[PDB]
Structures are given as C-alpha cells and as structure tokens.
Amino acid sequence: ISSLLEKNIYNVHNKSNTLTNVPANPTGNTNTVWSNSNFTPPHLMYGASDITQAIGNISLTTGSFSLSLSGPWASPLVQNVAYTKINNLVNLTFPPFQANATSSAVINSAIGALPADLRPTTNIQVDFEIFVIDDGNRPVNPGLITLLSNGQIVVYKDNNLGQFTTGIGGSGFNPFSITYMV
C-alpha cells in the first residue's frame, strides 16, 4: 500500500475507481484526478480542470421541427425548420416559404409553434432583419422576423408592421437563418 501512496510504475487495474468528494485538489498537482464536493452531484476534476462542468456546458441538440405559417396565402404553408441548440445558444435555419397572396396580411404561426426549448426566455421577443419577397418583387426595405416568448413566430414585410400584399409572383421569403440565446 505504501508503494501506492507515492509515485510508482504500476499500471493499476480496477473494476471501478471511487474518488472521495473533497473541496480542493488533495495533492495540488495538475495530473491528479479528484471529485469536487463544492457541487452536488460532485464534479470530476483533473488538476484545476472541471471535467463535469465542461461536459455539461457543451450540451448540443439538433434536428428540425414542422412549422405551419399562414396569413397572406390561400392556404397555410408547412415546412421543416432546422435548428441547433448549444448550451443556451440557438440557430434556426428556415427553408423557403413562398406562395401567391390572396389577402393582405403579416405571416405568422400559431402560438406555441416554436419548440419550448427554443423559445426566448430572457426576452419577450427577439428581432431580426431578413430579406423578404412580395408579389415576386424584391423590396429594398428589410423584412422583420420576431420570435416571441410564447412560441409564436411573426414575419412582417417591413419593420413598420408591414403586411404582404394580395397578388401573384410569390410572397414570403427565400431561406434565411437567425441565431440567438434564449
């Protein structure tokens, strides 16, 4: 045992290794593995590096969700919106939503459309300038997308609550992407 308490050449085998929960590195060395009792559950440490906290901080999910948008078009348009969430950071990448407009209206989803874990929580809405199209025209003013904390998505023709206009040629948007922390 005494030989294990100081440096040796032993390649130790064990079915498992249980590290006492302690508030500080017991040896002070950068190559000592220890278990940090300042957290519950405890954190695995390697020297001063907190492995458990680093692992928790690099959480990532990605995929898509179905989104139904409606307003100016004769019928709702349904497409899958791609997403990535890393820690608290979200990206949404939208495919095209475009069709002829039979009425004048903003584009919006139902309340709750954004998956719960992608909804803004620090802010009531988050706003982004995006390129939109109306009746086949490419307007020079930016459109505006607002993501709401209740999960509703609203897309305006311009920053001043602008509506898309009845007409043919395509109203809506080419693919775009927005990134934000919840």
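Quick note: we count residues from 1 along the sequence shown, nothing fancier.
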item	value
Mean C-alpha temperature factor, higher of 89 to 97 and 70 to 78	70 to 78
Average Cα temperature factor in the PDB entry - higher stretch of 138 to 146, 109 to 117	109 to 117
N11 - which third its CA temperature factor falls in, relative to the rest of the chain	middle
Ranked C-alpha temperature factor of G28 among modelled chain residues, by third	highest
Third of the chain, ranked by Cα B-factor, where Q163 sits	highest
Lowest, middle or highest third - CA B-factor, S171	highest
